[PDB]
Structure formats: structure tokens, C-alpha cells
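S.K.: Take a look at this one; I'll ask things after.
No lab work stands behind these numbers, since they all come straight from the coordinates. Heads up, the Cβs are rebuilt from the backbone with ideal geometry, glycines too, and the neighbour counts pull from every protein chain shown.
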Amino acid sequence: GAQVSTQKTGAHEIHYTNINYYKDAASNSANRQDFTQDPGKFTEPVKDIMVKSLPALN
Amino acid sequence: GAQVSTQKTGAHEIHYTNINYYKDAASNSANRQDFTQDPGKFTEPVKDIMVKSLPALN
Amino acid sequence: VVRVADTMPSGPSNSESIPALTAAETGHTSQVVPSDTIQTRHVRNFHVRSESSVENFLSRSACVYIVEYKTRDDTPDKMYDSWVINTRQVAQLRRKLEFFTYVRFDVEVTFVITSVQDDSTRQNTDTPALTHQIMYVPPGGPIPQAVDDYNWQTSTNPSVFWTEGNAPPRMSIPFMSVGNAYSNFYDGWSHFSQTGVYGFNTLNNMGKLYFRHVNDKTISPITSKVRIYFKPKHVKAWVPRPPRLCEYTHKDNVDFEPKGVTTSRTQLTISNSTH
Amino acid sequence: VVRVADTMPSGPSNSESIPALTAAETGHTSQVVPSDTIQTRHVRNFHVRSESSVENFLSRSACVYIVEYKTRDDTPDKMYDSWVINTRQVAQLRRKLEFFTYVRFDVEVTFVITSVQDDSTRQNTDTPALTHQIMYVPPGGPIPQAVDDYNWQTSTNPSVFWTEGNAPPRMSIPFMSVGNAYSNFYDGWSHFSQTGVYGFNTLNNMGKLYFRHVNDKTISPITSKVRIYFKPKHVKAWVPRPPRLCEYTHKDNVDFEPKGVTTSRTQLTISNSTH
Amino acid sequence: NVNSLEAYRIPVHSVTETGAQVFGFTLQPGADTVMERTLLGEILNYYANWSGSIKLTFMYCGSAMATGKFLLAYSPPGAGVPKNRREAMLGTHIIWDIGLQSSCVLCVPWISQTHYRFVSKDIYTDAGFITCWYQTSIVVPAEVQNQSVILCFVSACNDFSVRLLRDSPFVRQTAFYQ
Amino acid sequence: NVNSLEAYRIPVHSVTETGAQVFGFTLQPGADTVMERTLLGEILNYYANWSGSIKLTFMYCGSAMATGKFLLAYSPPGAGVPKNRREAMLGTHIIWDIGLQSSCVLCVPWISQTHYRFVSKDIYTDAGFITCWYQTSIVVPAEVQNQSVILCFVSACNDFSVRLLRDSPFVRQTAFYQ
Amino acid sequence: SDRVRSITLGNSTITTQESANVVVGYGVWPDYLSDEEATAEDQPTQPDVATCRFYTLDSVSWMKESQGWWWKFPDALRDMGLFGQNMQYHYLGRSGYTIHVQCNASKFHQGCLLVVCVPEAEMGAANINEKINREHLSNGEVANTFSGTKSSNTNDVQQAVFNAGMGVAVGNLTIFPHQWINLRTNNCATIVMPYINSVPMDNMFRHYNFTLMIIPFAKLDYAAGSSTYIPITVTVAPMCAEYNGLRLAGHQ
Amino acid sequence: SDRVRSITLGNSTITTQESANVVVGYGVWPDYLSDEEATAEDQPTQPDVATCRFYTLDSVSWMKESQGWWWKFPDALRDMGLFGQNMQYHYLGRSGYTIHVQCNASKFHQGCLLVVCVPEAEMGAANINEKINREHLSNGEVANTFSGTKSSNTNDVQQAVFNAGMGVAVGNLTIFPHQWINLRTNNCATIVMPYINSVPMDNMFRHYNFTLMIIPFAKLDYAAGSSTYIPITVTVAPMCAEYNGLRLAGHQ
Ligand SMILES: CCCCCCCCCCCCC/C=C/[C@H](O)[C@H](N)CO
Ligand SMILES: CCCCCCCCCCCCC/C=C/[C@H](O)[C@H](N)CO
């Protein structure tokens, strides 16, 4: 019941092993490898989006 | 001799590993994942069952 | 993964169907869903009857008795202590077990041992680590009558040794009844002529524990107090019964004083007044 | 593996395209890249927004309160100590949590227990290892009122025992809110007539901890001081808000004194002078 | 009346005009003193959060020749207590006619802000008021007793739940049981 | 001016000759007192290294009948501060005309020796000077107010980063919050 | 048997055990207004749970010498929750109804009620060239009472049971949708009543759509030991209620 | 051009000619509550024409020395028609909103407003260990006013513009859904705001969902002959409003 995933290494130059030992999901370690984002709801939060080259309020 | 089963997680959003280590069944952990029930012997404990829409003692 | 039942939608109705009219005189609990009386919407319900099962309700460690014994005394009976094994001297674990009439479970026993230096004139000592011995005697075995008695050898009896400062000692115990379930209540006598004792005191017969300090006579008195924690696991339970209203009195009978059924209101109809 | 965006090369331009002219009056943040105004080269950028995520920012253990209690006293209330559970008495963990309005996280709790022998006449003793008990009471449970009270049995309440000299005790705690997220701020009242208390003090309701020495009355006073470390893990966070400028005053309200917006310059234009 | 069996009997009889209140309590299975010591109140008093619907069944224990009608109203909170039959018929209610089928069921719907209430009392999770009113009086013939008795029942529906273990507030011992 | 809302208003008006300096600060998001308490300054004050470009947006809050021009210059360090408009137009700059589109963007390019700067102040990683100058004056017609207000904005680009956690230098408590 | 009937409209349920049947109007069940019969042009308001539910009126006591009672019904529900509020904020209303009347006795009591639902019951006056005040035609949920003889009060309806306040024979009053509450067989009387008017929608204050009438032909009678207080309880539920022309609250 | 915008919600229409754009929340448009996120079990009430329409609040006058204004918004619409009545008769409410703010000038006036829509704006007090009365956090459709300096009234909010009553930097207050009313380009500011709360439905008296704030950064200024009185008018329309748990009228 083991899982292999890559480590945090640098660029231009791994595979640790994790096994969960407790019956609850609240005992698991922190999920410190989710690097995704979406700033489309804080920047650009408008209706009728703008095209960055047009005067846009033309 | 390992067994993989799911953890207790919430809804709308696992797989721990267990190995038994002792020769007796009295050393095993608690069976805290049996969620089944049957209240047909406490509620509805009668002969000639009732159909919930008929007067039933009609 | 077993969910609770969803709520199905309903509309207006006018017919000879009567889900609300029933008769509880047949000992039958009505299966009326809220979508039978009023107009309800569709609710996808994700609740799980998980932490209400008989396994999750009883499998908690509970203090059942406090055992006190010393390390040097004038009288030899205060240097060891014993306890006839029952679950009926603390009202919490007893009242949790008395939901059912018959039970079947494995036991997980954990001892918590703490030591306190007694008050004396020569408290300034340098005492090495105390080691305690907890010997279980199955029903019928020989009984030690001193701390230096030769019945403490544990040639056949189970025992456990704990040095001070470690984790608490823990062992598991299988189902030990001579019948098919631990009878929580026994309505009957001990003798066939219906005399003797009345109650569950006939069917207890579980053995008894013994506690002493493995060390010899020290030069300062120290009071040890060990607490027994039972954990019922691998649980099966049969034929439920109502919980107890009244406060308990003794361990061997079920006797009581009459208590009122509930707390009084002093009125019978609510209002928007001082209620 | 998610990189940041590369810089694309550009050349000279002369046209009616105007990336630099925009209007921030629509609440819109301009998406101007440096390759839209000046001539830039091609840069393969290998930076990772890794240690800026909401998981990596909050998942650090933080001291939330200091709890002090003794082992022998004249008054019995100074032999145990209690704490109503909140994260709003240390300004660092509070100000880190108040970036967001609603949060959802599992908690990892670690206790650090240290003992100091108090000043007395009889300091020359030989004290065995102290054992501490940390009992958590869910909201509504019975409250112990002495160190020898019979509510310390932990038949249902969670507890932890630590012998002196080991590693710190650690346990995990799931998401315990009755709503869908821990409301960091609650703009509202407690009563439906809009009276009572104003603020997040209505929605706290998390229970309270209890601390005592398992050992009995010792012959010398020792002051124990246990520190609680919270670690928020498995984090989700919603609807951000600006950080606090002003210094806090209390735990139950949000009130303040007005503080200046920033530090003064005493001039408005830079120069090559004493700046 | 708690030190007898009279605590279960709801007194009901023929009235003078109409429209009086019969009984009343607050929907707190585990904190209200009416349904505190009931089986639902015991099992909910070993828990801290609860959720789901509640059935209330009323059995009429009068004579076979007597008739009557009642209004079994549920009122979610936010207002106060309904003070007459006009304010009570604005909520979840049912008119019950006494005939051959001797018992009615008021199935209290789950109407809540959150998913779970609290078993102990707090201002935030308040649940409402169960009240009962005279629709029409008890008309009885000659040589039949006028005052009769209603019995009341409670149970949980098939969508009911409990979440958090705790110790019961009822267990109170001081010494051991030697 | 920090104990009011006047700290946000950049005063600007019609000049006598030309070519004077409007405002100025140093590019230190997290150590400079101008952009210390800004949102970029807060989030960068929970970090110790930073990298990437910075947008500066300027909104003109004057009248619809007024015109004007400005020079928004960036100067990497190594020299001092540009002391006139002639020394300022030798760096990264932009001429902004005030018209219908009411706001301009000065996108400060990432020009550095290393990959990351420091958020706190040191001599080794110095970043430069943001300065603003009058290209042409503010010409306004009759019966219109002369003195107007520029507002300023800051944010990060899509290539921005932070690396090292530390505690903020702003949190200062002495006792607990009873 | 078919004597048990159950009705659920919203969050209110009526279970009876000695019912008889259900009269449904003139055969028509209440439905919404179609686009072919519609006159106004804007979107109506259809609450359908907060409105379509049973409202319980006042209970009235039936002595041996009682003569009758009446209620006007778009007006007796003036102060009954969101039906009354939606009446006060809109200009055009349109609904059907369901009238359920409770009255119980034992097998030793006798008597017989007549529950009539009379459309456009334009009533007479006590004095012939006199104006009737609005507090006597209707009073909300409080019932007005017929009299056994020729009543000659000021500004009041002519209250005589043998003319029903309308000038007809009270025995001929069974042409309307009616039931009987006979105390040896019945316990209740359910009347489903659709919308009957000359226009598709109408204002619910200026108009009285219909009038419920409960008149005892066989007088109430009992022996020297039976129960004296016998109430009569009326419960009403609007059906297919919709509303048009939203404006401020009032009626003037 | 895209500067002309028209909005129709019910029987009310807003046509503007110098609009800018429309900020829609955090990208989410207001919609009804699904059956997966639902908690209560009974049928909700969806009026959708008598409720979802524009309500016009009080106009406030903007001098040269004005500092700001705020309105609490499930509470400023307490006495606005059937939205307020449906608030008073139900227990659980859930709605989104559309906030449109009018302010006009000429091409000779200057100034700049900031229209912020702040969720959970739990405000401070003037005296630190003191309780705030409810008449100062909210007053219905009548606006409360910020002050330029440290206000120290009794039972009142700390009214200082450079802390917005909440203890933060007012320049950092642009993280919320906001627009500007710049008097050389704008005329109005439309903000569509979905439902943001920790629970799926909540009571609309005990809770304040959000707080509109209008703060002038660039002060209003004009010459010696231009018009002095410049109003600011706020108009709000609930969206996707539904209601649960009908009971009697009141709030206590
Ligand atoms: C020293 C190692 C062995 C430890 C022995 C200690 C406990 C021995 C007995 C095991 C537990 C039995 C306790 C009683 C079980 C039932 O609850 C009772 N019969 C009443 O229900
Ligand atoms: C003895 C074993 C159990 C230990 C119990 C200690 C902590 C119990 C509460 C768990 C942590 C909850 C702390 C509060 C969480 C949120 O941050 C607050 N509601 C405010 O956001």
C-alpha cells in the first residue's frame, strides 16, 4: 500500500516512499506539493473581458 | 500478508495499510467500520405487516 | 459506506391515503417520512451513522477501580492490595454497559501507576526506580498472603512487570465467559430451592488481581496508586433495555431509592413570558 | 511541477496598440508584461511559486497560550489550570489566520511541558518523575473543580499522559466546525433582536483543556508551565482581506485605537542628498 | 406530578368557548426537561450534535363515544411563542380527528440553518416550539366521563444522526459502590 | 499626513517653467516606508527573498477638461539619484499622455545581478529609484480648478516569486489579550 | 374503508377518520391562469408553499339555540401570514380554496349542520334604505351570527335564518357546493372551491368572492349528563394563488 | 461603444451612458442553492419578480469635506416591500445582489469615489471595552458617516477613514470587489455580488452578510460658479432570493 512520488529538487541538475499508518484522514501529513493557482477571480474579475491591446473603455 | 482499505473521509471532496502481528484474534484492533443496521426487529415487530397508506387496523 | 436516507420531493395531495393516521396499540412504530405530510424538496443527504454504532460507543477506556498499596508498613496487609474483578463500582462504565442485557466482547486492559512519597522525618533519600508486579489469579488459584509469600512466582498465572517511567502496561484478554455472553443482568437465585443470593453476583466469577512492589523494605514509605482501565472491543450486544434513572447504591445488587421521573416545569403550557 | 511564466522577446514597435494605457476604474488589474513596453530578451525562468502556497504559509507550529499550575498549594485552584480554546491571544498566529475570512483545516497539537522547583526552605529533596495529565472537555461536559475530583477519570473525554523526559505529546484533530468553515470574522449578533454580543465570540464554542499533576501532594512546590502549539494542516482558505495595521487589544472583540497608515518621510521628492 | 404516573397523562376535556392551548414544550431532545429522560433524550444525552427529523405520536385514551379535534403545530423560531390559535396555524401544523384510528403522527420537519444542532442549550442553534390547541371541543354523550387523557410519544426518523461522544450529565457518584 | 487620507493624494498642478520633480521613492517593496504597509509590502514582509517584475499604475483624478504629460522613469542603481529631467530620461521611462484612458502602467523590469533580492535593506542587493517628472505642464481652461490629484497603484507581475519564510517585523505584543 | 381521508397542502396536514367524500366545485379543480385567458401583461407571483397551506379560523360554540354563522372569503384571511401580506402588496389576486370544517360529538349527541359555499352572496340590510357598515358584512376571522327573528339593528345585515340574509328560501340554498355535518355519521366536511368570477383576476379587498355559511337545520340536542360545549372549527387553504401588480402597502 | 449598459430585473430598468464595466464578484454569478449543498428539508419560496428588483436607497450629499459612508446589506432592505416582508416571515434567507451607485457631475468637476463591497466587515468600537448599539452599525436606508479624525463617541463605531472602521489600511481595501467613480470618465458603478457565507442559508436579521463602503480618495472640488449640491444615490436589487422556515412575524 505504498506510494512513490518525486522530491523537491532544483533546476538544471528523488522518488521518496510514503505509507499511511492510521485509520483516519486527519492523521496524514501536510499536502505541501500543490503548486497550482488561478488569479482570474482577483485579477480580471469582470464581465465582458478586455483584450489588452484595444483601448478597452474605448 | 497486508490488507489495504479505505479511510474515514468526508463527502463532496486514503487507503491505509494494516498488518496483524500476533497469533490470536483477541489482539486485533477494533472493528470501527461496520455501519450497517436493521431496525426491523424493534420498529415493525409484528405479524401481518402494515402498508403505511391503508388504515391498517382498518 | 452506508448513507442515511434521502428526502424525496412531494406535491399537493387529496385522497384517501392516510400516512399520519395509525395505531400505536399494535406495538408498531410508524414509519412516517416528512414527505408524507408536508411538501418537501429533494435533499441529497450525506450523513453517516458512524459514531453511533455499538463498537464506537463502548470502545473507550474507562477507569473501573483505584488500587492503593504501600512499600513499607507495620502491618503486612497494607503492603499489597487486591481487587475482585467487576465492572460495577464506577457508575459511568456500568451505566454504559447496562444498555444491553447480554454482551460479548474482548477486553483491553491498561494500568496507570503513580507513586507519591509519604510524609516522614527522613524524606531526603535517593530511591532507585520502583518496579511493580500485577498478578492475575484465575478463579480457584492460590492466594498470596504477604509480599514475601511464595505464591508470587507466576509459574502458571499471568503477570506483568513495569519499571517506573515507561509507557503504561497493556494486554488484551479474550472472551472468558462459560456461557455465550456476559450476562449483565441475571434474574434468578443461586440454589435450586430459590434461596441464597439474588442477582448477577452468581455469574461474576472472573478472578481477582494482586498488586505489590517487587522491591524489598525501603527506608521511606511510598504510596502507590494504580488505576485499571478497561476497553471493551470486538463487541456484540443483544436485547436492549431502558437506561437507569436512579442513582446506584451497591455493586452486588440493583437496589435503589425511588427518584422522580424528570425535572418539573411548574406550568403545563408555554408562552412568550418568563419561560 | 509548475513554473512561473517566461519572458518572451520583443522588438521595436510603432502602432495603435496601447498595452500601457488602461483604466483601473473597472476594478481590473492590468496584465502588462515587461515585453509590452520595453525591448526584452528571451529568459527561460525556472522559479517555482512553491513556498508561497496557503499550505506552506500556515503549516507552522505556533505557541497559542502559556498554562501555569503547581503541585502543592494552600488554595486548590492553583494546583490545576484551564484554558478556553481560542487562537486569538497571541498576535502572530492570529494575524497569520486573519488574512482570510473562512478557513478549513485539520489541527496538529503539541504540548511542551517544563518544570521548575520553586523557592522554599527544603529544596534538598529526591523527587521522582512527574506525570502530567491533559484532559480535553468537548463543549457541554462536566468540569473538574479540584485535582482530586472524580471528573478526571476520562471515561469518554480524550486525554494524554506524559512522563517527564520523553518527547513532547502530539495528537491530530479533525475539522470540528458545525458549519462548513471556521469563520474568522462574524459580522452579527447572538440574539435575533440584534442584542447580546457582537463579533466572533458566538461561534467560538470549541471546548476547553484541563491540566494537572497525576502525582499527589509533594513535599516541595514545583511550578509546571505547559505551552500549546497549534499546527494547521490540510488547509483550505476563502475570500481574502487586508492585513491588520493596528495593534490588538482583546481576544473577544476586534477593537482598536487609530494608527497612522505608514511611516513618515518628511519630504516628498528623493534626491542624491541625505536620503 | 413527577413522583407518580400522572406525569404522562395530558388532561383534556370539554371547553367553554374554543381555541385554548392544551400543552406545550420546546424542541430540545436532550436539554428540555420534558423529553430529557426519554429514550431519545438519554441516547442524545450521550452525544453533543444531532440532526434529522422527529416523530411525535399522540394516542387518545378516552371513550369510544367521544369525538374531538386538535391542532398540532410546529413553529420554527425567530419570532416568539404563538399566543393564540391564529398565530399557531401559520406554521407546520396538522388537524387531527379522533375516530377509529386512535393515534396521529406529527412528523417534525428538519428545518435548520446548519447541518447539526447542539444537544445542550445555546442561542445560536435554537429549534422551535411544539404546541397543541383545541380545534373543536370534546363533545361527549350523556352518562360518559368528560375528562380524558392524551398520551404522547417520540422517536427519530430514518434520516437521523448523532456525531460527538461525551459523558452523560446524569451520572453523579461520590464514593465507590462497596 | 499619515493620520488622514491625504497620504494617498499626490499633489500636482500647473507649473512655472517645466521639468520639475513630482514625487519619488526607492524600489524596496518591504523596506521602503512608502510601499511598506501596502499589500505587496505586507506579503513581502512575511518573506525574505523576492524576485520578478513590479507594475506601477497611476490614475489621474483631475477634471475632464485638463491635459498634461508626465515622465515616469526607472533608474537602476550604480549612479546616484537623477537630479533633473535630463538625467532621468536616460533610464527606463515612459511618457504618459492624459486623455480618455485615465490610467497608465509603468512596468518596472527585473534588472538584477542575482536571481533574488532581499526584502530587508542591504548594500549588495539595491534595486533603484522610481521618479516622476513634468514633461509638459497641466494646461487647464477658465473656471476649472488647477490643483489636482494623482493616485498610485502597485502589484506583482506573472513572473514574481518569494522564497524564505520569517516572522513579520510589525507584530509587537507585550502581554496576553485578556 | 373510504371514510379516512388525508390532505397535505404545504407544511400542514389534516387526517380525518369519519369523513364522507369531497365535493369539488362544479367539477373543476383549481388551476393557474392560462395565457389565453390572461389580461395583464406582467409576470405574476407564485409562492406555492408560503401561501398554499391551511389557515385555522376561530372556533365558534354551538348551543341548542344557535342559528348560524357566516364568513366572507377573500377577506377573512386578511391577517393570516404571507397570504395576507401578498394580498396587501399586490393589486390583482386569483386563487381557489379548500374549506374544511371540523365539528365532533359522540354517539349520544344529535344534530345536523349545512355547510354551504355561496358565490356572490350579496346580502340585504336591516333597514331598507340604509347603508351597511363593513364591520357587519365581514369581521375577519370572527364570525357574524344569524338571528331567529326579524333583526332591525342599525347599519346591519337582515339576520333571519329563513332568508339567509339574501332574500331566498333557505331550503333552496342547496344549489351551491355543499355538504352536511350529520352527527351520527359525519365528523367533517371538505369543499374544494375553484375561482368563480366574471373577470380573470380581481382585487382581493374591494371584492368578496364568496361566503361560507353554516346553518343547523336539526337543532343540537343532548341528555342531562352529556358534554355541553361543542365547538365548530373552520380551516381554509388557498390553492393556485397568484398575484399581479406590485405596489406599496395599503387599501384605500 | 461599450459604455452604454442596460439592466432589467423585474419591473425596473437602469440605463446608463457613461458606465465602465461590471465586476461580477469572484467570478461567480448568483444562482440558486442545489440539492447537494442543501441542509434544510422543506420546500423554499422563490418569488422572483416581487422580490428580485431594484430598490433605491437614500441619496447622500457630498461636500468638499465629506469622509465616507457605509450601509449594512441584509439589513438596509428591512422596509423595502416584499423583500422585507419575506425577510420578516421566514427564518432562513439566501440571496445575491446587484449594487448600482449613481453620482453625476459635469466636465468641470473633479473627484474620485471608491465603491467597495466588503464581506464580513466586523467593525471596531470607539471605546475599546464598550458595547456598540445596533443603531450605529446600521440604520436601515439612512447612511452612517465616517469621520476624518479619531472619534470617541459613546456606544459608537470608531469612525476614522484611514482605518475604515475595521483596523486595516484603507489603501489595501481594494482586495474586495470594487469599482471607482472617477468624475472625468465614470458616471456609475455596477457590482454583482454572489452569496458568500460559511453556511448555505442564514438568518437575515441576526447576521450582516456584507457592507458597502463609498470613500472619496480625491476630494470633491469645483470653481466659484459650478453647482454645489452633488448627490450620491445607491440602488440595490436582490438576485436568486429564496426563503425557508415560515413562521410568525417578528425578530426576537
Ligand atoms: C495481568 C494480566 C491479566 C489482566 C487481568 C485483568 C482483568 C481480567 C478480567 C478481564 C476483564 C473481565 C471484566 C468483566 C467483563 C464483563 O464486563 C463483566 N462480566 C460484566 O459485564
Ligand atoms: C487532549 C487531546 C485533544 C487536544 C485538544 C486541544 C485542542 C482542541 C481544539 C482543536 C483546535 C481548534 C482551535 C481553533 C480553530 C480555529 O482556528 C478557530 N476556531 C479560529 O479560527
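S.K.: Give, rounded to the nearest 20 debye, the magnitude of the charge dipole that the protein assembly as shown has about its Cα centre when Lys and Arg contribute +1 at Cβ and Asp and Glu contribute -1 at Cβ.
M.R.: Charge dipole of the protein assembly as shown: 2100 debye, to the nearest 20.
S.K.: Going by C-beta contacts inside 10 Å, put F:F23, H:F73 in order with the fewest on the left.
M.R.: Final ranking by Cβ density, sparse to dense: F:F23, H:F73.
S.K.: Turning to a different aspect of this structure: Just tell me the longest site-free run in chain D, where the sites are GluC sites (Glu not before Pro) in a DSSP loop having at most 15 other beta-carbon atoms within 10 Å.
M.R.: So the longest stretch without any such site is D:17-163.
S.K.: Which pairs break 18 Å Cα to Cα here: C:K96/C:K233; C:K96/C:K251; A:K23/C:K96?
M.R.: Where the Cα-Cα span goes over 18 Å, the pairs concerned are A:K23/C:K96.
S.K.: Still on this structure: What's the average, rounded to a whole number, of partner chain beta-carbon atoms within 10 Å of each residue's beta-carbon in H:99-108?
M.R.: Mean inter-chain Cβ contacts per residue within 10 Å come to 2.
S.K.: Give the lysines reachable from F:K83 as a straight Cα distance under 21 Å; neighbours fewer than 8 places away on the same chain don't count.
M.R.: By straight Cα distance, F:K83 reaches F:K69.
S.K.: Which of A:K52/F:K121; A:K47/H:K72; B:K41/C:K208 have a Cα-Cα distance over 31 Å?
M.R.: A:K52/F:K121; B:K41/C:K208, as the Cα separations exceed 31 Å there.
S.K.: Still on this structure, please answer the following. Which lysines have a Cα less than 21 Å from the Cα of D:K217, not counting those fewer than 8 places away in the same chain?
M.R.: Once the sequence-local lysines are set aside, what remains near D:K217 is C:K70, C:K78, C:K225, D:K70, D:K78, D:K225.
S.K.: Compactness ratio of region H:1-79: Cα Rg over 2.2 N^0.38 Å, N = residue count?
M.R.: 1.51
S.K.: Return a whole-number percent for the relative contact order of region C:102-254, with Cα pairs under 8 Å and 6 or more residues apart as the contact set.
M.R.: 46 percent
S.K.: Okay, next question. For region H:110-234, with only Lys/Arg (+1) and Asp/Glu (-1) charged at the beta-carbon, what is the dipole magnitude about the Cα centre, in debye rounded to 20?
M.R.: About 200 debye.
S.K.: Taking a cut-off of 17 Å, what percent of all Cα-Cα pairs in region D:79-169 are separated by more than that?
M.R.: Tail fraction, whole percent: 67.
S.K.: Do the sum for the protein assembly as shown: with -39,500 (n - 2.57) for every DSSP H run of n ≥ 4, divided by all residues, what is the mean residue ellipticity at 222 nm, to the nearest 500 deg cm²/dmol?
M.R.: -1000 deg cm²/dmol
S.K.: Starting from the Cα gyration tensor of region D:120-193, take the square roots of the eigenvalues, sort them a ≥ b ≥ c, and report rounded, prolate or oblate (rounded when a/c is under 1.5, otherwise prolate if a/b is larger than b/c, else oblate).
M.R.: prolate
S.K.: Hey, another quick one. Considering the alpha-carbon set of chain B alone, what are its Rg and its Dmax in angstrom?
M.R.: When restricted to Cα atoms, chain B yields Rg and Dmax of 21.1, 61 Å.
S.K.: Another one. Over 19 Å apart: what share of the alpha carbon pairs of region D:39-137 falls there, rounded to a whole percent?
M.R.: So the pairs more than 19 Å apart make up 65 percent of the total in region D:39-137.
S.K.: Can you list the residues, at least 5 places off or on another chain, whose amide H is less than 5 Å from the amide H of G:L114, using H built in the peptide plane?
M.R.: The answer is G:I181, G:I215, G:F217.
S.K.: Follow-up. With an 8 Å cut-off on Cα pairs and a minimum separation of 6 or more residues, tell me the relative contact order of chain F in percent.
M.R.: RCO, chain F: 41 percent.
S.K.: Using a ≥ b ≥ c from the Cα gyration tensor of the protein assembly as shown (square roots of the eigenvalues), is it rounded, prolate or oblate, where a/c under 1.5 gives rounded and otherwise the larger of a/b and b/c decides, a/b for prolate?
M.R.: Oblate, because a/c is 1.5 or more while a/b does not exceed b/c.
S.K.: So, one more: Take the Cα atoms of chain H, find their three principal axes, and give me the spread along each one in whole Å, biggest first.
M.R.: Between the extreme Cα coordinates on each principal axis of chain H lie 62, 53, 29 Å.
S.K.: Which of the listed residues, F:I150, F:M65, F:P77, is farthest toward the dipole's positive end in chain F, when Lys, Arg count +1 and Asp, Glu count -1 at the beta-carbon?
M.R.: Value: F:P77.
S.K.: Across peptide F:54-66, what mean number of C-beta atoms from other chains lies inside 10 Å of a residue's C-beta?
M.R.: Taking the mean over all residues of the peptide, I get 6.
S.K.: If you don't mind, there's one more thing I want to ask. Pairs of alpha-carbon atoms within less than 8 angstrom and 6+ residues apart define the contacts here; what relative contact order does chain G have, in percent?
M.R.: 40 percent
S.K.: Determine the dipole magnitude for chain F: charges of +1 sit on the beta-carbon of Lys and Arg, -1 on that of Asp and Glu, nothing else is charged, the reference point is the Cα centre, and the result goes in debye to the nearest 20.
M.R.: With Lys and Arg at +1 and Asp and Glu at -1, about 200 debye.
S.K.: What list do you get for F:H13, H:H207, B:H12 if you sort them by fewest beta carbons within 10 Å?
M.R.: So the residues, fewest neighbours to most, are B:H12, F:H13, H:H207.
S.K.: For region F:77-178, build the convex hull from the C-alpha positions and give me its volume per residue in Å³.
M.R.: Output value, Cα hull per residue: 248 Å³.
S.K.: Ignoring trypsin sites (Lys or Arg not before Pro) that are buried or in helix or strand per DSSP, and keeping those with at most 10 other beta carbon atoms within 10 Å, what is the longest stretch of chain D between them?
M.R.: Looking at chain D, D:123-275 is the longest stretch - no exposed trypsin sites (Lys or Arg not before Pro) with at most 10 other Cβ atoms within 10 Å.
S.K.: If you count, for every residue in D:136-149, the Cβ atoms of partner chains within 10 Å of its Cβ, what is the mean?
M.R.: What the average comes to for D:136-149 is 3.
S.K.: Please identify every one of the trypsin sites (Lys or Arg not before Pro) in region H:110-194 that sits in a loop by DSSP and has no more than 16 other beta carbons within 10 Å of its own beta carbon.
M.R.: Passing sites in region H:110-194 are H:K131, H:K150.
S.K.: Further question on the same structure: Just to verify a number: FRET efficiency for H:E37 and C:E247, C-beta to C-beta distance, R0 = 56 Å, to 0.05?
M.R.: So the FRET efficiency works out to roughly 0.75.
S.K.: To continue, here is another question. Please list the non-local residues whose amide H lies under 5 Å from the amide H of G:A241, H modeled 1.01 Å from N, same-chain partners needing a gap of 5 or more.
M.R.: G:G96
S.K.: Right, next: Tell me which of C:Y65, C:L268, C:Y136 sits at the most positive position along the dipole axis of chain C, charges placed on C-beta atoms (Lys, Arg +1; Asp, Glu -1).
M.R.: Value computed over the given set: C:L268.
S.K.: Sorted from fewest to most neighbouring beta carbons within 10 Å, what does the list G:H178, C:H132 look like?
M.R.: Sorted ascending by nearby Cβ count, the order is G:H178, C:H132.
S.K.: In chain E, what is the volume of the convex hull around the alpha carbon atoms, normalised per residue and reported in Å³?
M.R.: 158 Å³
S.K.: Also, I was wondering about something else. Can you classify region G:1-145 as rounded, prolate or oblate using the Cα gyration tensor, where a ≥ b ≥ c are the square roots of its eigenvalues, rounded means a/c under 1.5, and otherwise it's prolate if a/b beats b/c and oblate if not?
M.R.: Because a/c hits 1.5 or more and a/b fails to exceed b/c, region G:1-145 counts as oblate.
S.K.: Still on this structure, please answer the following. Note the per residue figure in Å³ for the convex hull of the C-alpha positions in region H:83-222.
M.R.: 135 Å³
S.K.: Towards the positive end of the charge dipole of chain H, with charges on Cβ (+1 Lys, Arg; -1 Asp, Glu), say which of H:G25, H:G96, H:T56 has the farthest Cα.
M.R.: The residue sitting most towards the positive pole is H:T56.
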